[PDB]
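Next up: a single chain in structure tokens, the form deposited in one PDB entry.
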């Protein structure tokens, strides 16, 4: 392509990095260093305490939650030698999952999703992972992680993660993220089952809004999952020097999982389209019954009103000079034709 440089933005000083987000509540740096023999964990809020970990033999996992603090991000990037555009991408959350391979580090942007039962939003938060010689730098917007299994594996010496380097740590984080995606798909399964139960019982406008927001959420999920598939493909099919020769089959497993997620998302979309069609048919039927009632009454009272007007005539010479029970005869005739046409419409299975 072209040379990479910090793009200028109107209304800002030339070198400003801006956090492109909405979360500004909390911020802390948790450091988890681990080897086979021992491990040390500590939380803090000063970057000068975590900087000494740039040069360390044992693998380490730095996790900075809260990126509204641009100062700590800039300091970490300039100490770790990270390119300023990668820092700009870390603080920009209006992106899609991506992977960039550099000489001394690899930069990965992924997304964490959260589904709320109430009001049925689909909140998203990017996670940025910079993989270095022996350090994994994680940047998050707010608290709430899906990497607690990885933390437990490090803490209690399960698996083989303590015996491997930072590449396996990056694997553990991505695998936990994909498992979170599976859990999100399960939540969407529950939501679509409940909404399908409700759709044919109460065809209301809130059902319309729920279905449309579900479709939009599925579209956004696909827009996220496809670049995730591309990143996982590039990780094991275009291997940088940072990732060792082994651990590639692990990335292959994650790529297979992403394939599964994409297929599930496409099936989800076709199911919800069918559900919307079913709702439209149900509402059309609900209008149809009211239409049947209207046409029943109209066909009852058009000709009878005509003949009432014809016999409400004020002309000089009408049969209003009547033979015995003439008006009862006329009303009996009108009633019998009314019941005959009622019988016909019953033969039509409307009344």
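Under this definition, the rigid core comprises the largest set of C-alpha atoms superposing within 1.5 Å between the forms. Numbering follows the first chain given and starts at 1.
This protein has a second form, the form deposited in another entry, left out of what is shown; the following refers to that one.
- After superposition on the rigid core, the C-alpha displacement between the shown form and the other one reaches 2 Å or more for just one residue among 160, 183, 200, 143, namely 200.
- Comparing the forms between the shown form and the other one, the C-alpha position of residue 311 differs by 2 angstroms or more, with the core used for superposition.
- Annotation: Cα of residue 36 displaced by less than 2 Å between the shown form and the other one, core superposition.
- Shown in the overlay between the shown form and the other one, fitted on the rigid core, is a CA shift at residue 300 of 2 Å or greater.
- The pair residue 6 and residue 77 separates in the other entry: their C-alpha atoms are at least 3 Å more distant from each other than in the form depicted.
- In the other entry, the CA atoms of residue 97 and residue 6 come closer by at least 3 angstroms compared with the shown structure.
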